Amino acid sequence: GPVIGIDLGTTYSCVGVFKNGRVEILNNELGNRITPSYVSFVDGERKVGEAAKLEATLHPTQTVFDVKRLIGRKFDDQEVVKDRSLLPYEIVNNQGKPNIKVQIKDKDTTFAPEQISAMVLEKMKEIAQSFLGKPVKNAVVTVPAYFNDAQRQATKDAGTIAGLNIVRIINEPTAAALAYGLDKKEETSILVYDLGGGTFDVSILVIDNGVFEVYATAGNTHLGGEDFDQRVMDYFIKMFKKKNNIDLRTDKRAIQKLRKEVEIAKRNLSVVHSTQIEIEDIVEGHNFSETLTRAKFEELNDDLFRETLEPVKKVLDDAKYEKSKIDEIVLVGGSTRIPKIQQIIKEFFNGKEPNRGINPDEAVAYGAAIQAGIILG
């Protein structure tokens, strides 16, 4: 049968197929190549993807996301304790393991993380089946390089629940190296800088005669694009209060509409220098109309951009590497399109240029698809 490739990300998932000697990254039913990793349990309906994400605003306790943060971990791990305090849906202690609790038709229902991740995998599988017009039973699925045996096994178990045999788990850095087609011959040391919507990961990947090994990993589990948007929102919430004596945080619907326009404005400022953020009647009788420059966008976030170099220093130190030992810097995740990010990395690497695909959110799924093709021969 076919083997598909899935990037099971913290904030999103992406599915690729390898067919007629090319990788195709598939669109979801709404025409996007990225599906938000969200599942909602409201009014006796289950939704998966953007339709679930949209329920988060009015149904924050029934809308599950960021499950990758919980999968294969223990309820008392410091990281899960921190996540229970950040996440608005109920996380309960099932015999030492975090489980998700929600209501379906008012009934208390508990899920393992791998059961919610299975629902994201199910949807990616259905996109692949309808595209290939065949059943799909096998997949390459990616995980972070720092995932331990229980986190990898819990991801495999997610596959099994979704009716997917996970024939191979590969780390996200390896998947990126496969996508960018880094020469497998002789020896290459690669810094993989992966700045996503929710998380930052950096790995030293060494490629030696077609053998891939991650020598060191570090990161910041709570640093990504969504933080850069929150810094902009904070700024404009302050200004709108100053100007109109309206605190937009008093209206959940206003904050949702602002967040959407702020995300687009940030994307615009990776290409242009100045952009308009506009919402008619952000509340009744009050338009939101503001300009954001690249310079102000950077000023609002410069300490977070700069923070990304602390994990870079840690992996160089952990692997007893000097900046020079790094042969190529590869960038993954849409957040790496921010010019200032590219600039800061370059100057850290004493002038060296980094490589950024042009679909950096799809590189990991692309690599997983390539791995599927490699396995099929």
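Start at 1 with the first residue shown and count on from there.
Practice task
Select between 322 to 330 and 55 to 63 the stretch whose C-alpha atoms have the higher average B-factor in the entry.
Solution key: Result of the comparison: 322 to 330.
Exercise for the section: Could you check which stretch, 183 to 191 or 224 to 232, carries the larger mean CA temperature factor in the entry? Expected result: Between 224 to 232 and 183 to 191, it is 183 to 191 that shows the higher mean C-alpha B-factor.
Exercise for the section: Tell me, please, which of 240, 147, 131, 212 has the highest C-alpha B factor according to the deposited entry? Expected result: Result of the comparison over 240, 147, 131, 212: 131.
Exercise for the section: Determine, from the deposited record, the chain-internal third of the Cα B-factor for residue 247: lowest, middle or highest. Expected result: Ranked within chain, residue 247 CA B lands in the lowest tercile.
Handout entry: Third assignment of residue 48 from its chain's C-alpha B-factors
Key = It falls in the middle third of the chain.
Practice task
Place residue 81 in the lowest, middle or highest third of its chain's C-alpha B-factors, as listed in the PDB entry.
Solution key: Top third by C-alpha B-factor.
Exercise for the section: Taking the values exactly as deposited, rank residue 151 by C-alpha B-factor within its chain and report the matching third: lowest, middle or highest. Expected result: Ranked within chain, residue 151 CA B lands in the middle tercile.
Handout entry: Within-chain third of residue 291 by Cα B-factor, per the entry
Key = Tercile = lowest for this residue's CA B-factor.
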